[PDB]
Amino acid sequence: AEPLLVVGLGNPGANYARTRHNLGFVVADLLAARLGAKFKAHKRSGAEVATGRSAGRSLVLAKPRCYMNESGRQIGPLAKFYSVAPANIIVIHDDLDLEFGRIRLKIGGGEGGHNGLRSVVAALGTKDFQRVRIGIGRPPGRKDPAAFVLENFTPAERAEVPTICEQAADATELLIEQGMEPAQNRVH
């Protein structure tokens, strides 16, 4: 299909930039840095975008600018704006169901309790869209991941986040360049 869109999820505000639920943004910024682009306001979607290309291929890096719950209300207009089909949309996000640091790639599947993802699946009218899942761990047997995703990483996890984002950024580039997975080694 063609035009490409990479969306990083997260909440706004400098106070949320470091939280576990903002890995998508961090990886987004990382990719914008890589590829030498800066984010600009997108009045058609309300979100901010960065444009450039990874190895010859046209990209559109975006970050929503609203609360996580409303991700789709901006993403949907964004995919519509650039004539971008779901199969070609790639959303980066923290995943409560994967071991901290473990990066797995897929199209379809569940949202893993991610409110930003439900919004996206709701807005695009499909679950078929590519995801760069980045494990953050999960509160222990029985519940409340919600508050957990709004916490910053522990100092221990903090020493690893930079490396995990570099790998998640590479995984994205690979997806775009070759598809499927084989970047899923075990950062168990």
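All residue numbers refer to positions in the sequence shown, first residue = 1. Take the two forms, superpose them, and find the largest set of C-alpha atoms that agree within 1.5 Å; that set is the rigid core.
The higher RMS C-alpha distance to the shown form in 6 other deposited structures of this protein, out of 44 to 52 and 138 to 146, belongs to 138 to 146, with every structure fitted on the core.
Remark: when the other structures in 6 other deposited structures of this protein are fitted onto this one via the rigid core, 56 to 64 deviates more than the alternative among 56 to 64 and 26 to 34, judged by RMS CA distance. When the C-alpha B-factors of 70 to 78 and 87 to 95 are averaged, 70 to 78 comes out higher.
Of the two stretches examined, 137 to 145 and 52 to 60, the record assigns the greater average C-alpha temperature factor to 137 to 145. Out of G36, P162, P155, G125, it is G36 whose C-alpha atom has the highest B-factor in the PDB entry.
The PDB entry gives the largest Cα B-factor of the residues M180, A17, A171, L9 to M180.
Annotation for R131: C-alpha temperature factor in the lowest third relative to the rest of the modelled chain, per the entry. Among all modelled residues in this chain, the alpha-carbon of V121 has a temperature factor (C-alpha) in the highest third.
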